[PDB]
Amino acid sequence: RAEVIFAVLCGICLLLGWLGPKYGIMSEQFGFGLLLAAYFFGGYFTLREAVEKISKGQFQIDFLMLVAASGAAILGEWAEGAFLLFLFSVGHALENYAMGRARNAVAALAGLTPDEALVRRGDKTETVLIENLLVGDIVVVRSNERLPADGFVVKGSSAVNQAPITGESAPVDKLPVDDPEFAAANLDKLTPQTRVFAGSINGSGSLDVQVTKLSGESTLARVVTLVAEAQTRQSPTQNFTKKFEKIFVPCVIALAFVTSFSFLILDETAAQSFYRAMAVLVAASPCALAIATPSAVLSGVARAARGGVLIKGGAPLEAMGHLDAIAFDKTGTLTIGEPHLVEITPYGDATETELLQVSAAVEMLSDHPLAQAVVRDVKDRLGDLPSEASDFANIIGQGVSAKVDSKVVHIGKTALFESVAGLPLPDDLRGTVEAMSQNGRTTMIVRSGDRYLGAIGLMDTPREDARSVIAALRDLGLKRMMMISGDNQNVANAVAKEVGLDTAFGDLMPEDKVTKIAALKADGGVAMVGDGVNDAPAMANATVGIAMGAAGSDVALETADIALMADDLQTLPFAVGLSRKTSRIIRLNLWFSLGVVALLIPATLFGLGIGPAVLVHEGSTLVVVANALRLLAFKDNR
Ligand code: BEF
Ligand SMILES: [Mg+2]
C-alpha cells in the first residue's frame with residue numbers, strides 16, 4: 001500500500017491517452033477517459049495536502065499546482081493539467097523516499113537496564129522496581145546480571161563489563177570500599193575499583209552495590225534522555241524552499257487577479273484576460289524545483305550505498321561537505337578493539353624467548369581477556385608454542401599463578417608481587433613497568449622462583465587505516481580534529497601520537513563527549529564517528545552522526561545518520577567528497593529551476609500560453625534530472 005503507483009498510473013494514463021488518439025488506434029473517447037484517470041490518480045493524494053492544512057493553517061504550493069490543473073482543464077483543454085498532477089505526484093514521492101530522522105533508536109536503549117532489582121531489608125531481600133530504589137539502598141547484583149543502579153561496591157568482588165559507558169568491553173576488576181559511610185559522604189574520592197554504573201554487565205561474582213543516583217539520574221538514563229531530546233537537523237536547501245513557497249504563492253496570486261481584471265483597463269476580451277490569469281498561474285508551478293531538489297539526494301544516496309556508505313537522508317549528505325570539524329572515538333573506531341602484544345622487556349639473565357615461553361605456558365590456561373592475545377602473539381613471534389603449565393590458579397583481582405619446569409610462576413599486576421610470598425619487586429623493574437603504563441601499555445610482570453623474568457606490554461593498537469585517513473581529511477580542510485575516548489588517558493595519548501591527532505581526551509563519560517562536541521558545533525559543522533552507546537548522545541547532538549557499520553552497537557547504527565558499512569575509514573574522504581559535488585549539482589539545478597519559472601512568468605504575462613508551458617517545464621525537468629544523474633559516475637580516487 002503506497003501511492004507512488006498512482007503516479008505510475010498517471011504516467012500510463014498520460015502516455016497512452018496522449019499517444020493513442022494521435023499516433024495509435026484509440027478513440028478520443030477512450031484516450032480522454034485515460035486523461036480522466038490521469039487526473040483522478042493525480043488528484044486524490046495531492047488534494048489532501050491543501051485540504052488538510054487550509055482547513056486551519058496557511059497557503060502552500062500544493063494549492064497552486066492542484067488548482068493549476070483545474071484551470072488547464074477548464075480553459076484551453078490540453079490535459080496539461082495531467083502533466084502537472086503527474087509531475088507534482090512524483091515531486092511528492094521523490095521527497096518521500098528522501099527523509100530520515102535521529103530520535104529512532106529508543107527501542108534498543110531500554111534493553112540495557114533491568115526492570116527490577118533485589119534490595120536488602122535487614123534479614124530479608126525484597127524485589128523492587130528501579131523506579132523505587134532510594135539512595136543508600138543496598139542492591140544485590142548476582143552473576144552475569146545487568147547492574148540496576150549507579151553506586152559503589154560494598155560487598156563482594158567481581159569483574160564488570162562497563163562497555164555501554166566506558167566503551168571498553170573488557171571486564172574491570174571491582175572490589176568493596178573500605179568504609180561505606182566515608183564513601184557515601186565522599187563520592188569524589190571513589191577509586192574506579194569501587195564505582196559502578198547502571199547497565200554494566202556483572203561477572204562471575206555477586207556484588208552488593210549501595211545506590212547513589214536515582215533511577216532517573218544514572219549515567220545511562222542521561223544517555224537515553226540526551227538521545228531522545230536531540231532535535232532533527234534541517235536541510236538548508238529544504239528550509240530555503242519552505243520560505244520561497246510561503247512567499248511565492250501569495251505573490252503569484254496577485255498577478256492572478258490583476259490579469260483577471262486586465263480587460264477592464266486594456267483592450268482584451270474578458271475570457272482571455274481570464275486565460276492570461278490561468279496562463280501565469282500554470283506557468284508559476286515550479287515543476288523543475290519539485291523534481292530537482294530530491295533527485296540529487298536520491299542519486300547521491302544510492303551512489304554512497306554502492307560505495308559502502310549508508311546514508312539516512314538528504315540532511316546528512318548536505319551537511320557532510322560543510323564540516324569544519326570532526327571528532328573520533330578511539331575504541332572500535334580508530335582502533336580495532338582488542339589487545340595485541342606490543343612490548344617485551346626481559347630482566348636480568350632472562351632471554352626474550354624464555355619470557356615469552358613462560359608467559360604463553362601460563363596464559364594457555366587462563367580465561368582472562370589478555371591471555372588469548374598473549375598466546376596468539378607468542379605463537380606468531382616464535383612460530384610455535386611451548387608446553388602448558390601445571391597447577392594453574394587465579395589470584396582474584398591481581399593475576400595468576402602456575403607451575404612451569406618445576407618452578408612456581410606468578411604473572412600479573414604490580415600489586416600481586418607486593419601481596420605474595422616471593423621476592424619483592426625490584427625498584428628498577430618497577431619503574432620500567434611504570435614507564436610502560438605511562439606509555440599506555442597494559443603490563444604484566446612475570447616471575448619464576450627466585451627470578452623475575454621480566455615484563456610484557458599489550459595495547460589496543462590503532463587501525464593501519466587511521467593515520468592515512470586522518471591526514472587525508474586534513475587536506476580536504478578538516479583542520480579541527482580531536483579524539484574523545486572513554487578509555488584511560490595514557491592509551492588515548494599513545495594512540496593519538498600514533499594516529500597523529502594532537503588533542504586527545506580520555507577518561508570521558510558520555511556527557512563529556514557531548515560537551516566537547518558542543519564546543520565544536522558552536523564554531524562550525526561537526527561530525528561524530530563512533531561505535532558504542534557512550535557515543536550515541538554525541539552522534540545525536542553533533543551536526544552529523546557516523547557509526548562504524550560492523551563493529552557498531554545497534555544503538556549507534558540506529559542513532560547515526562551515516563554508517564560506514566565496511567568499517568573502512570577511507571570511505572570518509574569519499575563521503576565528504578561526494579557530498580560536496582552533491583551540493584554543487586543541486587546548487588546549479590536550483591537556479592535553473594528558479595529561472596525557468598522566474599524568467600518565464602513575464603514571458604507568459606506577455607501572452608504565452610499553455611502549449612509553451614508544458615514544453616518548457618518538460619525541458620527543465622529533464623535537464624535537472626539528467627544533471628542530478630551525474631552523481632552516479634562520481635569516483636573514489638582512492
Ligand atoms: F570507545 Be571510545 F574510545 F570511548
Ligand atoms: Mg567505542
# chains A, B, ... in the order shown; residues from 1 in each chain; ligands from 1
call {"tool": "select_by_dssp", "arguments": {"residues": "segment 12-219 of chain A", "states": "strand (DSSP E or B)", "output": "number ranges by chain"}}
result
A: 116-121, 124-129, 138-141, 146, 151-155, 158-161, 172-174, 195-196, 201, 207-211
call {"tool": "write_last_selection", "arguments": {"atoms": "N, CA, C and O atoms", "output": "compact mmCIF listing (two decimals), in the first residue's frame"}}
result
# COMPACT_ATOMS: atom_id res chain seq x y z
N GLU A 116 13.94 -4.57 37.33
CA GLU A 116 13.81 -4.82 38.76
C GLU A 116 15.18 -5.03 39.39
O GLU A 116 16.16 -5.34 38.71
N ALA A 117 15.23 -4.83 40.71
CA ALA A 117 16.44 -5.05 41.49
C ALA A 117 16.10 -5.76 42.79
O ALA A 117 15.04 -5.54 43.38
N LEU A 118 17.01 -6.64 43.21
CA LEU A 118 16.99 -7.17 44.56
C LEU A 118 17.57 -6.12 45.50
O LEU A 118 18.66 -5.60 45.25
N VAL A 119 16.86 -5.82 46.58
CA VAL A 119 17.29 -4.80 47.53
C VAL A 119 17.19 -5.35 48.94
O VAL A 119 16.20 -6.00 49.30
N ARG A 120 18.24 -5.13 49.73
CA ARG A 120 18.30 -5.65 51.09
C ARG A 120 17.41 -4.86 52.04
O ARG A 120 17.22 -3.65 51.89
N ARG A 121 16.81 -5.57 53.00
CA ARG A 121 15.94 -5.03 54.03
C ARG A 121 16.23 -5.81 55.32
O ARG A 121 15.45 -6.67 55.77
N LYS A 124 15.93 -9.61 55.29
CA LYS A 124 15.18 -10.02 54.11
C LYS A 124 15.79 -9.37 52.87
O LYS A 124 16.48 -8.35 52.96
N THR A 125 15.59 -9.99 51.71
CA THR A 125 15.86 -9.33 50.43
C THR A 125 14.57 -9.27 49.62
O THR A 125 14.02 -10.30 49.23
N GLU A 126 14.13 -8.05 49.32
CA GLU A 126 12.91 -7.80 48.57
C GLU A 126 13.23 -7.54 47.10
O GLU A 126 14.36 -7.22 46.74
N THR A 127 12.22 -7.69 46.24
CA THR A 127 12.32 -7.31 44.84
C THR A 127 11.53 -6.02 44.61
O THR A 127 10.34 -5.97 44.91
N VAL A 128 12.19 -5.00 44.05
CA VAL A 128 11.54 -3.72 43.79
C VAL A 128 11.87 -3.25 42.38
O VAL A 128 12.85 -3.66 41.77
N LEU A 129 11.00 -2.38 41.86
CA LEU A 129 11.31 -1.67 40.63
C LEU A 129 12.46 -0.68 40.84
O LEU A 129 12.64 -0.13 41.93
N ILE A 138 20.91 -0.84 49.48
CA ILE A 138 21.89 -1.84 49.05
C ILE A 138 21.20 -2.81 48.09
O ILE A 138 20.40 -3.65 48.52
N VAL A 139 21.52 -2.72 46.79
CA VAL A 139 21.01 -3.68 45.82
C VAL A 139 21.96 -4.88 45.75
O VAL A 139 23.17 -4.76 45.99
N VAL A 140 21.41 -6.04 45.40
CA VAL A 140 22.18 -7.25 45.16
C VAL A 140 22.19 -7.50 43.66
O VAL A 140 21.13 -7.66 43.04
N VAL A 141 23.39 -7.57 43.09
CA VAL A 141 23.57 -7.88 41.68
C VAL A 141 24.29 -9.21 41.64
O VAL A 141 25.45 -9.30 42.07
N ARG A 146 22.52 -7.67 34.69
CA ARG A 146 22.70 -6.25 34.44
C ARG A 146 22.60 -5.49 35.75
O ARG A 146 21.68 -5.70 36.54
N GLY A 151 26.33 3.24 41.71
CA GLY A 151 26.62 3.07 43.12
C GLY A 151 28.10 2.85 43.35
O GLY A 151 28.93 3.12 42.47
N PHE A 152 28.43 2.36 44.55
CA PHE A 152 29.76 1.84 44.84
C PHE A 152 29.65 0.46 45.48
O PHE A 152 28.68 0.14 46.17
N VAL A 153 30.67 -0.38 45.22
CA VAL A 153 30.68 -1.74 45.74
C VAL A 153 30.91 -1.74 47.25
O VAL A 153 31.82 -1.07 47.75
N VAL A 154 30.08 -2.48 47.97
CA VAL A 154 30.20 -2.58 49.42
C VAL A 154 30.37 -4.01 49.90
O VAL A 154 30.87 -4.22 51.02
N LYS A 155 30.03 -5.02 49.10
CA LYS A 155 30.32 -6.40 49.43
C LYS A 155 30.65 -7.16 48.15
O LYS A 155 29.97 -6.99 47.14
N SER A 158 34.27 -8.74 41.83
CA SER A 158 33.83 -9.30 40.56
C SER A 158 34.46 -8.52 39.41
O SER A 158 35.05 -7.47 39.62
N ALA A 159 34.30 -9.02 38.19
CA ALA A 159 34.81 -8.33 37.01
C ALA A 159 33.63 -7.86 36.17
O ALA A 159 32.82 -8.68 35.72
N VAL A 160 33.52 -6.54 35.98
CA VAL A 160 32.33 -5.91 35.42
C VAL A 160 32.65 -5.35 34.03
O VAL A 160 33.62 -4.60 33.86
N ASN A 161 31.83 -5.72 33.05
CA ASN A 161 31.93 -5.18 31.69
C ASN A 161 31.17 -3.85 31.62
O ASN A 161 29.95 -3.83 31.52
N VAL A 172 36.44 -5.13 34.06
CA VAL A 172 37.26 -4.38 35.01
C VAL A 172 37.04 -4.95 36.41
O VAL A 172 35.89 -5.11 36.84
N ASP A 173 38.13 -5.30 37.09
CA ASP A 173 38.01 -5.88 38.43
C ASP A 173 37.50 -4.84 39.43
O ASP A 173 38.03 -3.73 39.50
N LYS A 174 36.48 -5.22 40.20
CA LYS A 174 35.83 -4.39 41.20
C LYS A 174 35.97 -5.05 42.57
O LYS A 174 35.85 -6.28 42.70
N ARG A 195 33.62 2.26 42.09
CA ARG A 195 32.47 2.86 41.42
C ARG A 195 31.94 1.91 40.35
O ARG A 195 32.70 1.23 39.66
N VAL A 196 30.61 1.86 40.24
CA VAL A 196 29.93 1.02 39.25
C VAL A 196 28.75 1.80 38.68
O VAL A 196 28.21 2.70 39.33
N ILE A 201 27.45 -4.96 32.84
CA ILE A 201 27.16 -6.39 32.94
C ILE A 201 28.10 -6.98 33.99
O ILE A 201 29.33 -6.86 33.88
N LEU A 207 27.74 -8.88 43.67
CA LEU A 207 28.16 -7.62 44.27
C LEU A 207 26.97 -7.01 45.01
O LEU A 207 25.85 -6.98 44.49
N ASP A 208 27.21 -6.52 46.23
CA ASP A 208 26.30 -5.56 46.83
C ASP A 208 26.71 -4.15 46.43
O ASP A 208 27.89 -3.80 46.53
N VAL A 209 25.76 -3.36 45.95
CA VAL A 209 26.02 -2.00 45.50
C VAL A 209 25.11 -1.06 46.27
O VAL A 209 23.89 -1.22 46.27
N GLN A 210 25.71 -0.07 46.93
CA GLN A 210 24.94 1.00 47.56
C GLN A 210 24.57 2.05 46.52
O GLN A 210 25.44 2.64 45.88
N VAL A 211 23.26 2.27 46.37
CA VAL A 211 22.76 3.19 45.35
C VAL A 211 23.15 4.62 45.70
O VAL A 211 23.14 5.03 46.87
call {"tool": "residues_near_ligand", "arguments": {"ligand": "ligand 1", "cutoff": "10 Å", "atoms": "only C-alpha atoms and all ligand atoms", "output": "PyMOL selection string"}}
result
chain A and resi 163-169+328-335+337+483-488+491-492+505-510+513+529-535
call {"tool": "write_last_selection", "arguments": {"atoms": "C-alpha atoms", "output": "PDB file, in the first residue's frame"}}
result
ATOM      1  CA  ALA A 163      31.165  -1.247  27.785  1.00  0.00           C
ATOM      2  CA  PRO A 164      27.921   0.825  27.449  1.00  0.00           C
ATOM      3  CA  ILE A 165      29.553   3.743  29.298  1.00  0.00           C
ATOM      4  CA  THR A 166      33.351   3.458  29.183  1.00  0.00           C
ATOM      5  CA  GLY A 167      33.325   1.937  25.687  1.00  0.00           C
ATOM      6  CA  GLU A 168      35.754  -0.772  26.841  1.00  0.00           C
ATOM      7  CA  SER A 169      34.324  -4.298  26.582  1.00  0.00           C
ATOM      8  CA  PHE A 328      36.716  10.415  16.731  1.00  0.00           C
ATOM      9  CA  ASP A 329      36.056   7.757  19.335  1.00  0.00           C
ATOM     10  CA  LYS A 330      39.067   5.515  19.995  1.00  0.00           C
ATOM     11  CA  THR A 331      37.953   2.009  20.946  1.00  0.00           C
ATOM     12  CA  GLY A 332      36.480   0.182  17.957  1.00  0.00           C
ATOM     13  CA  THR A 333      36.513   3.374  15.879  1.00  0.00           C
ATOM     14  CA  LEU A 334      40.178   4.270  15.360  1.00  0.00           C
ATOM     15  CA  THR A 335      41.355   1.009  16.934  1.00  0.00           C
ATOM     16  CA  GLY A 337      39.212  -3.072  19.849  1.00  0.00           C
ATOM     17  CA  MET A 483      39.932  12.235  19.835  1.00  0.00           C
ATOM     18  CA  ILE A 484      37.392  11.722  22.640  1.00  0.00           C
ATOM     19  CA  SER A 485      37.564   8.313  24.336  1.00  0.00           C
ATOM     20  CA  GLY A 486      36.164   6.751  27.485  1.00  0.00           C
ATOM     21  CA  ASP A 487      39.398   4.768  27.815  1.00  0.00           C
ATOM     22  CA  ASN A 488      42.171   5.912  30.136  1.00  0.00           C
ATOM     23  CA  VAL A 491      46.163   4.746  25.965  1.00  0.00           C
ATOM     24  CA  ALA A 492      44.454   7.718  24.340  1.00  0.00           C
ATOM     25  CA  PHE A 505      40.853  13.239  25.813  1.00  0.00           C
ATOM     26  CA  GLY A 506      40.409  10.049  27.791  1.00  0.00           C
ATOM     27  CA  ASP A 507      38.515   9.082  30.940  1.00  0.00           C
ATOM     28  CA  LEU A 508      35.434  10.756  29.430  1.00  0.00           C
ATOM     29  CA  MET A 509      31.843   9.936  30.315  1.00  0.00           C
ATOM     30  CA  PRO A 510      29.190  10.161  27.540  1.00  0.00           C
ATOM     31  CA  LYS A 513      31.757  13.761  24.809  1.00  0.00           C
ATOM     32  CA  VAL A 529      32.372   8.998  14.336  1.00  0.00           C
ATOM     33  CA  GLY A 530      31.755   6.221  16.839  1.00  0.00           C
ATOM     34  CA  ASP A 531      30.917   2.607  17.558  1.00  0.00           C
ATOM     35  CA  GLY A 532      29.303   2.425  21.026  1.00  0.00           C
ATOM     36  CA  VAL A 533      26.457   3.519  23.285  1.00  0.00           C
ATOM     37  CA  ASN A 534      28.669   6.096  25.015  1.00  0.00           C
ATOM     38  CA  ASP A 535      28.974   7.851  21.618  1.00  0.00           C
TER      39      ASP A 535
END
call {"tool": "closest_residue", "arguments": {"among": "A:359, A:215, A:162, A:543", "to": "ligand 2", "atoms": "only C-alpha atoms and all ligand atoms"}}
result
A:162
call {"tool": "closest_residue", "arguments": {"among": "A:465, A:418, A:365, A:336", "to": "ligand 2", "atoms": "only C-alpha atoms and all ligand atoms"}}
result
A:336
call {"tool": "atom_distance", "arguments": {"atom1": "atom CA of residue 216 of chain A", "atom2": "atom CA of residue 147 of chain A"}}
result
14.6 Å
call {"tool": "atom_distance", "arguments": {"atom1": "atom CA of residue 409 of chain A", "atom2": "atom CA of residue 373 of chain A"}}
result
18.9 Å
call {"tool": "closest_residue", "arguments": {"among": "A:407, A:242, A:340, A:413", "to": "residue 377 of chain A", "atoms": "only C-alpha atoms"}}
result
A:340
call {"tool": "closest_residue", "arguments": {"among": "A:545, A:256, A:452, A:319", "to": "residue 273 of chain A", "atoms": "only C-alpha atoms"}}
result
A:256
call {"tool": "select_by_dssp", "arguments": {"residues": "segment 449-634 of chain A", "states": "alpha helix (DSSP H)", "output": "VMD selection string"}}
result
chain A and resid 464 to 475 489 to 499 510 to 521 536 to 541 554 to 559 571 to 598 601 to 605 610 to 628
call {"tool": "residues_around", "arguments": {"residues": "residue 597 of chain A", "least_positions_apart": "4", "cutoff": "8 Å", "atoms": "only C-alpha atoms", "output": "PDB file with N, CA, C and O atoms, in the first residue's frame"}}
result
ATOM      1  N   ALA A 283       1.929  28.501 -15.398  1.00  0.00           N
ATOM      2  CA  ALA A 283       3.358  28.685 -15.608  1.00  0.00           C
ATOM      3  C   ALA A 283       4.098  28.779 -14.282  1.00  0.00           C
ATOM      4  O   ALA A 283       5.246  28.330 -14.184  1.00  0.00           O
ATOM      5  N   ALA A 284       3.460  29.352 -13.254  1.00  0.00           N
ATOM      6  CA  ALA A 284       4.157  29.562 -11.989  1.00  0.00           C
ATOM      7  C   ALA A 284       4.561  28.255 -11.312  1.00  0.00           C
ATOM      8  O   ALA A 284       5.504  28.256 -10.516  1.00  0.00           O
ATOM      9  N   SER A 285       3.876  27.145 -11.611  1.00  0.00           N
ATOM     10  CA  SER A 285       4.091  25.851 -10.965  1.00  0.00           C
ATOM     11  C   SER A 285       5.527  25.364 -11.144  1.00  0.00           C
ATOM     12  O   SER A 285       5.910  24.958 -12.249  1.00  0.00           O
ATOM     13  N   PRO A 286       6.355  25.385 -10.086  1.00  0.00           N
ATOM     14  CA  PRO A 286       7.799  25.130 -10.245  1.00  0.00           C
ATOM     15  C   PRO A 286       8.123  23.646 -10.387  1.00  0.00           C
ATOM     16  O   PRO A 286       8.804  23.046  -9.551  1.00  0.00           O
ATOM     17  N   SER A 593      16.100  25.874 -12.013  1.00  0.00           N
ATOM     18  CA  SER A 593      14.698  25.617 -11.696  1.00  0.00           C
ATOM     19  C   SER A 593      13.966  26.903 -11.362  1.00  0.00           C
ATOM     20  O   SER A 593      12.791  27.068 -11.712  1.00  0.00           O
ATOM     21  N   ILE A 601       7.640  33.554 -16.072  1.00  0.00           N
ATOM     22  CA  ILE A 601       6.474  34.293 -15.583  1.00  0.00           C
ATOM     23  C   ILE A 601       6.193  35.531 -16.435  1.00  0.00           C
ATOM     24  O   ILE A 601       5.039  35.720 -16.844  1.00  0.00           O
TER      25      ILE A 601
END
call {"tool": "atom_distance", "arguments": {"atom1": "atom CA of residue 302 of chain A", "atom2": "atom CA of residue 237 of chain A"}}
result
19.4 Å
call {"tool": "residues_around", "arguments": {"residues": "residue 262 of chain A", "least_positions_apart": "6", "cutoff": "9 Å", "atoms": "only C-alpha atoms", "output": "list in words"}}
result
residues 268, 269, 270, 273, 274 and 276 of chain A
call {"tool": "write_last_selection", "arguments": {"atoms": "N, CA, C and O atoms", "output": "compact mmCIF listing (two decimals), in the first residue's frame"}}
result
# COMPACT_ATOMS: atom_id res chain seq x y z
N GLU A 268 -8.56 43.85 -24.29
CA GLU A 268 -8.50 42.39 -24.31
C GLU A 268 -9.88 41.85 -23.94
O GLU A 268 -10.62 42.47 -23.18
N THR A 269 -10.22 40.69 -24.50
CA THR A 269 -11.51 40.08 -24.20
C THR A 269 -11.50 39.50 -22.79
O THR A 269 -10.47 39.00 -22.32
N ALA A 270 -12.65 39.59 -22.12
CA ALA A 270 -12.74 39.18 -20.72
C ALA A 270 -12.32 37.72 -20.52
O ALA A 270 -11.53 37.41 -19.61
N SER A 273 -8.51 37.64 -20.85
CA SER A 273 -7.83 38.10 -19.64
C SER A 273 -7.91 37.05 -18.53
O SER A 273 -6.96 36.87 -17.75
N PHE A 274 -8.98 36.25 -18.52
CA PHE A 274 -9.01 35.09 -17.63
C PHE A 274 -8.01 34.03 -18.07
O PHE A 274 -7.35 33.40 -17.23
N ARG A 276 -5.27 34.80 -19.48
CA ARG A 276 -3.99 35.38 -19.04
C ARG A 276 -3.68 35.05 -17.59
O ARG A 276 -2.55 34.67 -17.25
call {"tool": "residues_around", "arguments": {"residues": "residue 549 of chain A", "least_positions_apart": "5", "cutoff": "12 Å", "atoms": "only C-alpha atoms", "output": "ChimeraX atom specification"}}
result
/A:308-311,332-333,529-532,554-569,571
call {"tool": "closest_residue", "arguments": {"among": "A:572, A:591, A:498, A:528", "to": "ligand 2", "atoms": "only C-alpha atoms and all ligand atoms"}}
result
A:528
call {"tool": "residues_around", "arguments": {"residues": "segment 433-450 of chain A", "least_positions_apart": "5", "cutoff": "9 Å", "atoms": "only C-alpha atoms", "output": "PyMOL selection string"}}
result
chain A and resi 339+342-343+345+355+358-359+399+403-404+407-414+417+422-423+428+455-460+488-495
